[PDB]
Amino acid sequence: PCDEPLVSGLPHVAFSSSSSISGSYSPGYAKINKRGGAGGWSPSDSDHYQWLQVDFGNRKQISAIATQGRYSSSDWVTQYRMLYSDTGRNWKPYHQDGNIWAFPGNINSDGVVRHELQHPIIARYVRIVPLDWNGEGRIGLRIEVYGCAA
């Protein structure tokens, strides 16, 4: 199977984001079941144009993704898009059931929600783009991406 956790072991330098509320919300804190910093990533502004990015360093085959909100807070993502690229540019949106896919997100701060992809993708870089978030807070996010070397 192609389902090893690809994010949990990455150093901070593998993560980037559109913005962060502060250093404690840096994108390297966006790891499921971990509570460092603010307990997850949050951008300084919550809209439809933020992103959390991971660079796996080379191409990985990806079979599933999992998300959580920001630890013990009102910040969580309720639906999201996934984009991927081999180059870091020309992002490709993940498609499922005939359209760009909106993944159901979280409904609380700490439940993990894992989705098996209909079809695996191959990518060096992944971006998670929040589409909506909890109305009583902001975007807050921790992730895992499951896969293997391409």
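Counting begins at 1, following the sequence as shown.
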Q: Return whichever of 30-38 and 95-103 has the greater mean Cα B factor according to the PDB record.
A: 95-103
Q: Take the C-alpha B-factors listed in the entry for 43-51 and for 80-88, compute each mean, and give the stretch with the larger one.
A: 43-51
(Q) Checking the record values for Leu141, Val129, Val126, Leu10, which has the greatest CA B factor? (A) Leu10
Q) According to the PDB entry, is the CA B factor of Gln61 in the bottom, middle or top third of its chain, that is, lowest, middle or highest? A) highest
Q: Grab the CA temperature factor for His115 from the record and place it in the lowest, middle or highest third of its chain.
A: middle
Q. Can you tell me which third, lowest, middle or highest, the CA B-factor of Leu6 falls into for its chain?
A. middle
